[PDB]
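Following: one structure in structure tokens, then a few remarks.
There are 2 protein chains.
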Amino acid sequence: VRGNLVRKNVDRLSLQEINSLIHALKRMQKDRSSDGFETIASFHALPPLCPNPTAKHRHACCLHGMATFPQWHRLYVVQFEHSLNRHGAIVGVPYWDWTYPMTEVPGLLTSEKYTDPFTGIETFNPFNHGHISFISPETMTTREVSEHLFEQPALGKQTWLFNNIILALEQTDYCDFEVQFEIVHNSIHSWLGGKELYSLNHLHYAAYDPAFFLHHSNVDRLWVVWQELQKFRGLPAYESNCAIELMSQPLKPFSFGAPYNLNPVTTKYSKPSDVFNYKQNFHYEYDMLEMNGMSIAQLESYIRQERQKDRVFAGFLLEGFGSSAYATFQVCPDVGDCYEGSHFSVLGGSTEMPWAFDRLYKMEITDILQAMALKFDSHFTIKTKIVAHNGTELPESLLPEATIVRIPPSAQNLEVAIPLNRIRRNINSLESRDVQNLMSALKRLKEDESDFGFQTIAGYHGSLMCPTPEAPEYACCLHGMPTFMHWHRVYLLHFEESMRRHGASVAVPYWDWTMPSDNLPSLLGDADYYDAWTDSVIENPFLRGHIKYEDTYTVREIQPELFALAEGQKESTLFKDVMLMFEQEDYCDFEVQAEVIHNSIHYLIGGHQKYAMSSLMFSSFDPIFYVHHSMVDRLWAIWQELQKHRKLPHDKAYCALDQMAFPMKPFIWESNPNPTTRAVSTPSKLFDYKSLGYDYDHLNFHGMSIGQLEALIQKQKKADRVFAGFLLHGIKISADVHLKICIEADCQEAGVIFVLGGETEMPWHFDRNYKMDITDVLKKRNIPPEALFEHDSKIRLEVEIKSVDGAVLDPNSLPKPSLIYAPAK
Amino acid sequence: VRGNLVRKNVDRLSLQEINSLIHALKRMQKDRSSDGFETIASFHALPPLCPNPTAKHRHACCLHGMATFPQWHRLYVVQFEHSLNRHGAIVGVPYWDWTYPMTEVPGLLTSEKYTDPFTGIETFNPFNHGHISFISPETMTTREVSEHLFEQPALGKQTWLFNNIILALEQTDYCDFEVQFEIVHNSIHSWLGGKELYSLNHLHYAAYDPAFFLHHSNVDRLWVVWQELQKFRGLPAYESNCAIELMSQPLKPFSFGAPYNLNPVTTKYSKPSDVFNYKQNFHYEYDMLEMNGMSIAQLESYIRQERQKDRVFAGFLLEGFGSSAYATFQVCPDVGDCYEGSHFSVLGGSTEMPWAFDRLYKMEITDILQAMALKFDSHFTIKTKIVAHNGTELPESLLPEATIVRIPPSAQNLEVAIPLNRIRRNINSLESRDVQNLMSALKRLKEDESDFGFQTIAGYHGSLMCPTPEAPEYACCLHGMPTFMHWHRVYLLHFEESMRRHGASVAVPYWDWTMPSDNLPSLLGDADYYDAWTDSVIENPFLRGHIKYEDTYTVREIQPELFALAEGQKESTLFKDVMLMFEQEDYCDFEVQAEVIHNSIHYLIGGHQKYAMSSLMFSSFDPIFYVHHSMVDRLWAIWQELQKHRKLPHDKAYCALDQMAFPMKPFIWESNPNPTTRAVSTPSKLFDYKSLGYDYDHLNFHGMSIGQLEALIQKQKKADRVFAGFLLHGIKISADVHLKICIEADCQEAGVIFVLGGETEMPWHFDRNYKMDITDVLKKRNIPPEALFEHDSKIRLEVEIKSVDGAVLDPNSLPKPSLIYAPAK
Ligand SMILES: *[C@@H]1O[C@H](CO)[C@@H](O[C@@H]2O[C@H](CO)[C@@H](O)[C@H](O)[C@H]2NC(C)=O)[C@H](O)[C@H]1NC(C)=O
Ligand SMILES: *[C@@H]1O[C@H](CO)[C@@H](O[C@@H]2O[C@H](CO)[C@@H](O)[C@H](O)[C@H]2NC(C)=O)[C@H](O)[C@H]1NC(C)=O
Ligand SMILES: *[C@@H]1O[C@H](CO)[C@@H](O[C@@H]2O[C@H](CO)[C@@H](O)[C@H](O)[C@H]2NC(C)=O)[C@H](O)[C@H]1NC(C)=O
Ligand code: CUO
Ligand code: CUO
Ligand code: CUO
Ligand code: CUO
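Respectively, the protein sequence lines represent chains N and Q. The opening residue of the first sequence carries number 2083 in the entry's author numbering; numbering runs sequentially from there. The opening residue of the second sequence carries number 2083 in the entry's author numbering; numbering runs sequentially from there.
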């Protein structure tokens, strides 16, 4: 016949709601009955009554430092709640959540006086302080506020309450949770109470402060949130697998029927095992179960994200000592300088029941060690100083010295709910609004003459500038080496960033040329369009790049073979070539294949022309260059996941360890528009693309899930194959290498290799030889591979080297290819 | 399948949420595309594209002053919403709700600059203002804040928004809702915008200010509330039964599926009929659906409560307009003195499509009309002076002079959700805690030496202090007359009011003596109890009230027949006495029956003693007095309920109007502790007990519902009955009048009557004769009712009047009874 009481946010309360709350607490404070505040406050600690109120010695009263701590305080809150429902509150016990960052202590808690808006009569605010009746009629609770409460997020840093609550919500075991949970809860006792004798910081006098119940309203809310989490994870939220022995022992003093606890329902559900079902048993709800505005789903995702990182903790073993105290620990390396670690607090009183935690209470020091430039396994110690409520050093003998525990990263897939503008999608799938946004954006970026502008970022690739501005005689980008992929990843990110700066809600799209295409995609090919908002006709920003120091626009002379490269269907050399690339389980072995095939598209779309995609020095000026590299980057993305699928390394590579360590030249300089690319300049850092903040929808090749990709790759390794190996290097210009096999003197159609380069080039030499399989070619000509080993049967390889210059053709410089027979294993 | 966007409260936003929002809007503002801010803001008004973007003359653009106003703007918001979701906002469009009273303008709107907490980078706040690009490039929106924004509830009065928001939600037809709903929405346009030309108050430029959208996120929410309300009532929420003509016509410019709207879902759902299902079609939710913290259930309860009241409205027929305007009306009586009436605003521009409401926009004037002490149908006029946006006074001819409408009170039962401590309960149903609460409070109250204290409030009835001290020579309480019930209603209230003042969470219990009782209920009967909290034994506060000026404690000498009077239990004289009381459909007829039965109990528990319940002058000092009057008051409450059921007057009476008008003497005096009893000292005010704020656990007699009571009452009238009529009046002392019918000098057991009085009394004469039916006594006596008409047959009536003091006894100073034959009909 009656609906649940709702515990609203304190600052959510209306004038009508506040009014009833204040008047209700006012009456239940003047109420000398057991239903009154002095009496309810007495349940917690100081006038002790819990062994039994008649006992000679009383170690009473409340449960602290044990798994049953949350239940006692839940039921204790419903005790206080039922009282002011009956004393006329229209709402349940409000909470202020420390889940959000703090600016001020709540008004209804701090304001000395209260004016009833409806009667206009100013009165003392019942929530400002509590009276401790038995000591003196004139003994008020008092408070002292720590700056710790009002902490705000820094650049990388997050507030103490945010971090430790999440570390608590992180737990999947109740007892593990409860330990972290309780000590987080100790904070506001510690931060509002302070050094003051009759306060939240003293176990005895705490419940006499009205704040206690607004506080623990939120403590209980956190537990429900954690309960909600356990339901979400398919775990037992309403039961406890650990500490089962304590779930039977009924909650005192509530367990006392007859004269001491008059509330019927509270007595009935005195077993902590019955306190689990709060909504059915005690009939109260929360308006919102949110941790800092996060949904239970948003919460769990965050948690799982945090679990993926490599984390190291400090562990403390906590035993009660009969007083409240504040703990400070520092991280100290072998070198003298010590840095400030963190803090935690204990709640305590002289009549506290002795307690000992059966677990380690963990605190996270990972961000601190990372700033200390020292890893988890390297020589650092923790010193801890703990002051009493009194307050003087405890000293140091009290708590066993802290332990340190690192948790290894756990490799598992995540949601990860990337923003809508940071996802790179197939250029064919783009909607019209995606098109207009991009085209409007790129024009502004090109017209941008600042350092963020298109001219400058185009210059990072092909201008004559690296290694340093004054010295070269050199070209800046990275080819052809293991860190080639890495360089163009930042470069692409740098482009994405500059785009958003001019209103791009669309990440740079990728054109998939591995699929059959009769023509260039419209976004890249189309010359002009009619804007409707002006009567003006605008030229497509994606089809023409201006090179300001050469006074020329880029040119695209598209070789007929590009469209003809991939018409299998699915039987395309380009498909087969890429599949051979995916096969590689080594990053370096994968990289050469990746870059050579990447050279192909450069050559064929801009060929036989200077100031084109074919020309390494100027290719970055053509806006397709970026659309192109969004594709090769995605091809890498597929491979990283392919590797992750095979358990082989994805985030790291055992290659170019001298390279991977060092940051990349054009980006790290002080002369860089955005701080973000400067930050991630190092190859090791940008190995994984998710941490960089973008993603591809989606990662799959020709309608094959990654399970299917590896499946056919295993199928290709099962057949005997023959390769031609090419050791490639810088020839200071672009070229096409044609390969053709001769059975005797007759030679037809073996294959083609493209090499990128420029007049201004960075001299490069490949660590190994690029492969291209002639397996299917030999089957076509009935030249059996085993006959390759035969001296009588004569086969030869001929290369036709023709530079971009046209033809020219070029004398034979590059090392001649090698035959590789790869038996199936 | 992407998760719904949530429209959060502004103040609820986390730092991360504010961050993603600010950067997103920052981007989409620099977005020159159609997806950008400048283009979307155009959709509303000034660069006018709406008839079609290419027309010579363009009536553009947004729908205003018509039924489909909410659908256009709902769709308009999802337009703006999807932009910044795609521009990277993690949350939906925040709302700023005026449902709560205002103190300030919300933060992300009012701060000129914003510093990213995470990067430490200070930037200009994108929500502070908007750019109007087609005017000068350095042209921004500005604001001007009216005092009206920050209105707070003072005494009985409530803020403009609260009053008028609810008036809108009150509506049951969509069109009637919409008309009120929209003028409400116009307030913040007028209040945030002000005199400024480029502001929210000018139709043209409003949407260029981002504040518009936070505003209209709440506007939509309010409609969703109203939708949710209509769902509660079993009415159509997702359809509109009125203005079906308009619901078909697609919303422009959204309707344009061309370069003008590149949003797919927006074009598809450009039908305003399609705009209703927001969650399915547009995929956005609200964090909470609450009007000033009130739930939808709480809302309708308030709304229904307001429908029971008698209300009068001023009506305005709104056609417009050249511009935005501010309207002001005053209420003026026959005499010249004017009071401030409310105000309202309209939104407009030079390019607005002509509009006319087909109904009256209602404003409420009931509260203020009362302050002018004049009724609705009487001699008063409304003059309105309306000033424009420029603003020259607009000619009275511009808007038709206002009309005035009175909406009659709708009599139907309500919820009404009364506080727990203000419920008066059957004394036997009380739990152990209510008992302890009652006692502790009464102890404090009797101890209380203040004017709020028991000595002073009990002195109100039994003194000797009626107007004017020290003239009396008089005695104050009101017996015996129609206003007897009224006087003792306030008295009981005054008693409750003072009890709460000492921590009583329990309203005064009623003890039902119509039910058979072996002894007095322990709350009244038990002498002492042992408090467990203090080792002391305390005596029950409910017996032996102390009388200060007589230095004597009251005594209860209980006559043996009181418990024996009700041995029926339905056959009990008391049930039959009360059932006869309920039968009266006139108030005064009801009053005499009630007050005589009232005297019966007063007399029998404290009989034959001075300083007792039987003594009129000192009955008030015995605590059980108040428990008794809780019972008779409940009897009156049931009677009132019956009158309502019988469709006869309940809240009013056609009896003595001389007495009903004047305030009552002990309470109205400036020498009264609490202002609440002073105000309601008038008998007219006290008629409905709910308006006073308390209630009874249930209104039912002997297991009969109020329907069953009237059913049995009709049953009794269906038989022939014989009464004896006693005209009673003030003799200066209490006495008991025994009725005895004698056939022929043989007399036995006819009935009994009691009358209350004291040395210090208020002289009283009853308006009628008390009736008591002897019909059952006669049928036992085998005396035919028709033999009463026989002169030949011998029967007569004798009264042996004995004083309260045994015997003493008194001579016959009261008129002898009259025989009344009531033929059944
Ligand atoms: C201040 O507080 C500390 C913490 O309680 C006191 O330390 C305890 O004092 C009791 C005697 O009252 C001893 O029996 C305990 O062994 C002490 N425990 C510890 C850990 O010190 C301390 O005595 C107090 N001193 C002052 C100056 O107030
Ligand atoms: C485009 O259409 C006409 C011009 O072709 C513009 O309106 C007028 O056209 C008539 C002839 O049909 C002329 O006599 C008027 O002098 C024109 N008026 C103006 C103001 O140009 C029309 O304005 C044009 N559409 C717009 C508004 O851009
Ligand atoms: C301010 O606005 C009002 C109307 O918004 C102006 O009055 C309008 O004047 C035009 C003539 O140019 C009339 O056609 C309109 O009917 C008028 N509006 C109404 C309803 O009165 C007024 O002139 C403006 N004030 C100034 C001087 O700027
Ligand atoms: O309540 Cu027992 O301490 Cu937080
Ligand atoms: O590699 Cu330098 O960019 Cu295609
Ligand atoms: O809606 Cu167009 O005006 Cu606020
Ligand atoms: O009537 Cu004034 O006392 Cu019961």
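We treat Cβ as the ideally placed atom computed from N, Cα and C, and that holds for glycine.
* Between residue 2290/Q and chain N, is there a C-beta pair that is closer than 8 angstroms? -> no
* To do: Give a yes or no on whether the minimum CB-CB distance between residue 2179/N and chain Q is below 8 angstroms.
  => no
* Closer than 7 angstroms at the beta carbon, the chain N residues around residue 2118/Q -> 2585
* **Strand pairing of residue 2746/Q, partner residues [DSSP]** => Its beta-bridge partners do not exist; DSSP assigns none.
* Boundaries (first-last residue) of the beta strand (DSSP E) holding residue 2822/Q -> 2817-2824
* Asked: The beta strand (DSSP E) with residue 2672/N in it runs from where to where?
  -> That residue, residue 2672/N, is in no beta strand (DSSP E); its alpha helix (DSSP H) goes 2669-2688.
* Kindly confirm or deny that the segment 2290-2305 of chain N and the segment 2176-2192 of chain N touch, where touching means at least three C-beta pairs closer than 8 angstroms. => yes
* To do: Mark residue 2494/N as exposed unless 16 or more other C-beta atoms lie within 10 angstroms of its C-beta, in which case mark it buried.
  => exposed
* Take the Cβ of residue 2666/N as the centre, count every other Cβ of all protein chains shown within 10 Å, and call the residue buried at 16 or more, exposed below. => buried
* If you measure from the beta carbon of residue 2142/N to each beta carbon in chain Q, is any gap under 8 angstroms? -> no
* **Option in 2680/Q, 2337/Q, 2390/Q and 2686/Q with minimal Cα separation from residue 2143/Q** => 2337/Q
* What's the C-alpha gap between residue 2771/N and residue 2719/N? -> 8 angstroms
* To do: Could you confirm whether any beta carbon from chain N is found closer than 8 angstroms to the beta carbon of residue 2589/Q?
  => no
* Any C-beta of chain Q sitting closer than 8 angstroms to the C-beta of residue 2635/N? -> no
* Thinking C-alpha only, which one of 2590/Q, 2107/Q and 2113/Q is nearest residue 2586/N? -> 2113/Q
* Got a sec: does ligand 7 put a non-hydrogen atom nearer than 7 angstroms to the Cβ of residue 2701/Q? -> yes
* Asked: Using a C-beta cutoff of 8 angstroms, does residue 2200/N count as contacting chain Q?
  -> yes
* Check whether the Cβ of residue 2429/N lies closer than 7 angstroms to any heavy atom of ligand 4, and answer yes or no. => yes
* In or out: residue 2130/N buried (at least 16 other Cβ within 10 Å) or exposed? -> buried
* Asked: If you measure from the beta carbon of residue 2685/Q to each beta carbon in chain N, is any gap under 8 angstroms?
  -> no
* For the segment 2105-2145 of chain Q, list the alpha helix (DSSP H) runs that are entirely contained and at least 4 residues long, ordered along the chain. => 2119-2126
* Please check if any C-beta of chain N sits within less than 8 angstroms of the C-beta of residue 2582/Q. => yes
* 8 angstroms contact criterion, which residue 2287/N and residue 2135/N should meet: CB distance rounded -> Wrong, their Cβ atoms sit about 19 angstroms apart, outside the cutoff.
* Which runs of the beta strand (DSSP E) spanning at least 3 residues fall entirely within the segment 2363-2397 of chain Q, listed in chain order? -> 2366-2368
* Quick one: give me the first and last residue of the beta strand (DSSP E) that residue 2204/N is part of. => 2204-2206
* Asked: Sorry if obvious, but does the Cβ on residue 2609/Q come closer than 7 angstroms to a heavy atom of ligand 4?
  -> no
* **CB contact flag (residue 2674/N, residue 2850/N, <8 angstroms)** => yes
* Cβ atoms of residue 2268/N and residue 2157/N: under 8 angstroms apart, would you say? -> no
* **Residues near ligand 3, criterion Cβ-heavy atom distance below 5 angstroms** => 2404/Q, 2405/Q and 2472/Q
* Tell me, please, whether the segment 2206-2223 of chain Q touches the segment 2104-2112 of chain Q by the rule of three or more beta-carbon pairs shorter than 8 angstroms. => yes
* Asked: Closest by CA to residue 2698/Q, which one among 2843/Q, 2872/Q, 2164/Q and 2239/Q?
  -> 2843/Q
* Asked: Would a check of beta-carbon distances place residue 2342/Q closer than 8 angstroms to chain N?
  -> yes
* Asked: With residue 2856/Q and residue 2806/Q assumed to form a contact (beta carbons below 8 angstroms), what rounded beta-carbon distance in angstroms separates them?
  -> 6 angstroms
* Proximity of residue 2385/Q and residue 2413/Q at Cβ, strictly below 8 angstroms -> no
* Should residue 2782/Q be flagged as near chain N, meaning a C-beta pair shorter than 8 angstroms? -> no
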